[PDB]
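K.L.:
Quick one: structure below, then a few questions.
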Amino acid sequence: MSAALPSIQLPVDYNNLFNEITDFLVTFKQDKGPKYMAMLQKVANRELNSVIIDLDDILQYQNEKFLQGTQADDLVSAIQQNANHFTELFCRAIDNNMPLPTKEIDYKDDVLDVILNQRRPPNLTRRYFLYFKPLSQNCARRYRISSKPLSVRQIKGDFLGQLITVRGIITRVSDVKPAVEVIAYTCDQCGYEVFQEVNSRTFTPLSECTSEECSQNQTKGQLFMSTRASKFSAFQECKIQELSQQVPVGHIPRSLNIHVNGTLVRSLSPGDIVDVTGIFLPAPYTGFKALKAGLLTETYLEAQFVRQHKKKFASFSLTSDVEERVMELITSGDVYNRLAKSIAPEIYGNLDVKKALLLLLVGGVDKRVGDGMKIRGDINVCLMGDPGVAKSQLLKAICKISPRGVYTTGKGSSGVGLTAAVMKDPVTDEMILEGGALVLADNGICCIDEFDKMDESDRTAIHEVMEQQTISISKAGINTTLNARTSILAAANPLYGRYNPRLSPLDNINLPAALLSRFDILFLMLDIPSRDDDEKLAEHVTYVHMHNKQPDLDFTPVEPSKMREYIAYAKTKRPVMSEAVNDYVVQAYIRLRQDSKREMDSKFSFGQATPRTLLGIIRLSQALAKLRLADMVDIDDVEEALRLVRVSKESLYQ
Amino acid sequence: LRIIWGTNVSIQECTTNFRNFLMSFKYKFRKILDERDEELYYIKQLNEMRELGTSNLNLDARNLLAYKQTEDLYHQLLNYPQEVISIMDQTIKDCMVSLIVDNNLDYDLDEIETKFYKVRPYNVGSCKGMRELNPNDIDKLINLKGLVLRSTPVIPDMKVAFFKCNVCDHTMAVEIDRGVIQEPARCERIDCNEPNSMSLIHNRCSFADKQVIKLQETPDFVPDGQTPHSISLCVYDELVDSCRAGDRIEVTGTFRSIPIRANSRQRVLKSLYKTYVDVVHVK
Ligand SMILES: Nc1ncnc2c1ncn2[C@@H]1O[C@H](COP(=O)(O)OP(=O)(O)O)[C@@H](O)[C@H]1O
Ligand SMILES: [Zn+2]
Ligand SMILES: [Zn+2]
């Protein structure tokens, strides 16, 4: 019947496809030996589990063929299409030619390679996954595209399976789990194997003996399956949500799903900028069987590669250029106050507080008791002060630059959205939990605003957090003692908006010191006129509102990429405290204690300095040492600590 | 040479090396591990236990790591624990009666030949929770540390498939074959030939005991953004009524996989295999 399924043809030609590929797979020497083949030797060494695909190199071999006058025979123009077919062709091209194990197999190696060599479709002979990654357009513009960062909303239908890069944010991914690709069915009697293949969600097993010897047999002895011979590879899903600045006007953005497998499942965590790459693909759903017209499709996308403009702290390792970055950074000097200058220059002055935020980012130093306890190298900061003066530019710059960052309001969904949830998972029956604003943060930063407007509950929780990095819950299923490891930064205003200079900060302010004792730092940022300072204030404000570019100082404050770079490298040390500084610190503690107690029980008097004050002095001195990048402490730092401490409240006296 | 398919595990060589390590282990790990009187660390267990009639035994990993001839045994009990232990349960009776040869005894020999034996590797190489178990390393000796939430009741399982013929005053019997039953439809052709006449009774058959336990995982390290998980597993008979709510636990077992049905209605299954753990020992 040529009516159904009639003939038709295209320029696609698989015969040259395979030859082009497999010539490329071996002609690579431009960037051991043919390093692609050396990597294959590594694969023979069982060094990796997933092959890597660069594509500007494929462009470059097409350039080779071009420069030599050969029919370059472009496939990328096709591979950008229909990628799901190319995958089981590339795998065949490699299985065709895998080099030999330069090392020997032994009892201490992958337990799979032995079975490989014991029995030494083709899918179960594959000891290698593949995960692509597309070009960065910086190279596509070299010599002259296809896949730009795109939306949840801008699919346009026709982009099913075409090569693509989407940005957005991951809300919730389930846990990694295994899934068949090929069955291992063995015969009781024939002693031979059967390869039942599935690609669907589902199948129906093969029970009666259709074997090849049982074919020529009356009796049909039953077959069964394996738990190790049967191939496997994992399967995990993730949901993007759309970026704000690209939502059109008044429009509620929408959702999307992706599927991942195998190796790259560990490179995804919720809350981040991302550029997923891959291909958008269909699957079998039609709505739900009444609101239908046929041929309908639920759908998904393929994961093959992850880049994110936010580099977490545990991806740090030096090289022959980033160490140069840190060098030329440190070379200029004035590095400390330069940093605290470059922190959010959009807003004016108060270097003392920019510096305190920098130190909040440093956190401190972790120390373990070795007797069943540790103590946090962690910071908690506050900036009490009247309105009018800038307050929020700070927190937004913070969560702009710091990773693992979080903003919340004061009231609204503070009941549980700062806390642990309970939820069933889509892709698998299981009772998962995702947490509030805080728990998305850990070994990272938060920010809060209008603390005074929040509930007593948020106070009950944060009173735990600032000192102890746990959370305790006794509501339902969730009975945890959950780990936070977070760094608090709130803000609020006093009771009357502007200060009461005839009342104390201990009466003017709304919060109790039963909590605020935990607040190692506290600024009081209020405003009184002056004929001269506000002139150039307006100069600053007006020049920034004139063009976003900050004042044209002989100075270049620098990107947060480089800043998180330096923070991460300074997070690597763990310096030491001498006794020469210890004694001086002890004396300053006793000074401040007796002084503040006997003297400051009065007008401008806040409470009393504490052990926590001392512990914080210590942590911050450590951080200073971490910034100078020496493993010990100088006496030249504690002076800055206590300076900044008694400086925090200087404007209480004017 | 003797060897298993897809495997590098000898029975009798394992028995010999087992026996030689067993006759030779004298606080070696004090010596080779560290700087730290006594003699023949293990052998006292095996001398004492006989008069008390017990078919169990515990076992470290380090004492293999200490003795010379056990370094390769480590990676092999590791990979093939139920197989290496189907060996050692035999090597143990072998060593038993190779050690009784130097002794004359009252007739306790009516039992040990009828006996079984089993082992319990407890203090083993550390494992990092659950996330580590990408599918490369399924079905392997494993260790964990956490606490308890929920306990189930007893799963029984057919262990002797009794079978009542309908006629000829005859019973029938048949056992489980990698976890199934293939009812003999026939009627014992000789006496009577009715090729599908037979019945089934439960009150005859032999039942196993299995239990499942919900557990909360309590690592020593976690990644950036972590939170609890709740895992199920399977213990089997002679371990029941041991671990319950109110206990922290260090544990061992084997990580494994299994699919589930789509329904109570037909055999159509899931591409993704629910995971679990079978149990080897609890601390
Ligand atoms: N010192 C300043 N320089 C420039 N702009 C400022 C300054 N202080 C306040 N502002 C402006 O006024 C607003 C102050 O809001 P902010 O104080 O951050 O939040 P809230 O007043 O709710 O605590 C900001 O939008 C900011 O641009
Ligand atoms: Zn057969
Ligand atoms: Zn009968």
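Going from the start of the chain as shown, residues are counted 1 onward.
Here the Cβ of each residue, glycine as well, is placed from N, Cα and C on the backbone.
Quick paste from Swiss-Prot:
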type: DOMAIN; residues: A:335-542; note: domain 'MCM'
type: BINDING; residues: A:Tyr348, A:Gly388, A:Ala390, A:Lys391, A:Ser392, A:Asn493; note: ATP 1 binding site
type: MOTIF; residues: A:517-520; note: motif 'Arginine finger'
type: BINDING; residues: A:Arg518, A:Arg612; note: ATP 2 binding site
K.L.:
Whole-number answer please: how many Å between the C-alpha atoms of A:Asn493 (ATP 1 binding site) and A:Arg518 (ATP 2 binding site)?
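P.N.:
Per the Cα atoms, A:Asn493 (ATP 1 binding site) and A:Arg518 (ATP 2 binding site) stand 19 Å apart.
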K.L.:
Please check the binding-site residues A:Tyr348, A:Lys391, A:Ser392, A:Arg518, A:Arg612 against ligand 1 and give me the ones with CB under 6 A, sequence order.
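P.N.:
The qualifying binding-site residues are A:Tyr348, A:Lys391, A:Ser392.
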K.L.:
In angstrom units, rounded to an integer, how far apart are the Cα atoms of A:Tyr348 (ATP 1 binding site) and A:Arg612 (ATP 2 binding site)?
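P.N.:
About 30 Å separate the Cα atoms of these two residues.
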K.L.:
Non-local Cβ contacts of A:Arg612 (ATP 2 binding site) (under 8 Å, 6 or more apart, same chain)?
P.N.:
A:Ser517, A:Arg518, A:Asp520
K.L.:
For the motif 'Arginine finger' (A:517-520), what are the same-chain contacts with Cβ under 8 Å, counting residues 6+ beyond its ends?
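P.N.:
Same-chain contacts beyond the ends: 379-382, 463, 466-467, 607, 610, 612-613, 615-616.
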K.L.:
Work out, from DSSP, the number of helix, strand and coil residues along the motif 'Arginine finger' (A:517-520).
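P.N.:
Across the motif 'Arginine finger' (A:517-520), DSSP assigns the residues as follows: 0 helix, 0 strand, 4 coil.
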K.L.:
May I ask which residues of the same chain, at least 6 positions away in sequence, place their Cβ under 8 angstroms from the Cβ of A:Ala390 (ATP 1 binding site)?
P.N.:
A:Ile347, A:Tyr348
K.L.:
Among the binding-site residues A:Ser392, A:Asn493, which residue has the largest number of other Cβ atoms within 10 Å of its own Cβ?
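P.N.:
Result of the Cβ crowding comparison: A:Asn493.
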K.L.:
In Å, how large is the greatest distance between any two Cα atoms among A:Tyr348, A:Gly388, A:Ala390, A:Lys391, A:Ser392, A:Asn493, the listed binders of ATP 1?
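P.N.:
This binding site's residues have a maximal Cα-Cα distance of 19 Å.
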K.L.:
Around A:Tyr348 (ATP 1 binding site), how many other CB atoms lie within 10 A of its CB?
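P.N.:
Neighbour count, Cβ to Cβ under the 10 Å cut-off: 15.
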K.L.:
Within 10 Å of the Cβ of A:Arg518 (ATP 2 binding site), how many other Cβ atoms can you find? Include all protein chains, please.
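P.N.:
19, counting other Cβ atoms within 10 Å of A:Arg518 (ATP 2 binding site).
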K.L.:
Are there any residues at least 6 positions away along the chain from A:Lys391 (ATP 1 binding site) with a Cβ closer than 8 Å to its Cβ? List them or say none.
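P.N.:
Once residues fewer than 6 apart are set aside, A:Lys391 (ATP 1 binding site) is near A:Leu383, A:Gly385, A:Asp449, A:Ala491, A:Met525.
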K.L.:
What is the Cβ neighbour count of A:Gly388 (ATP 1 binding site) at a 10 Å cut-off, with all protein chains included?
P.N.:
12
K.L.:
Going by DSSP, is A:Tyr348 (ATP 1 binding site) sitting in a helix, a strand, or coil?
P.N.:
coil
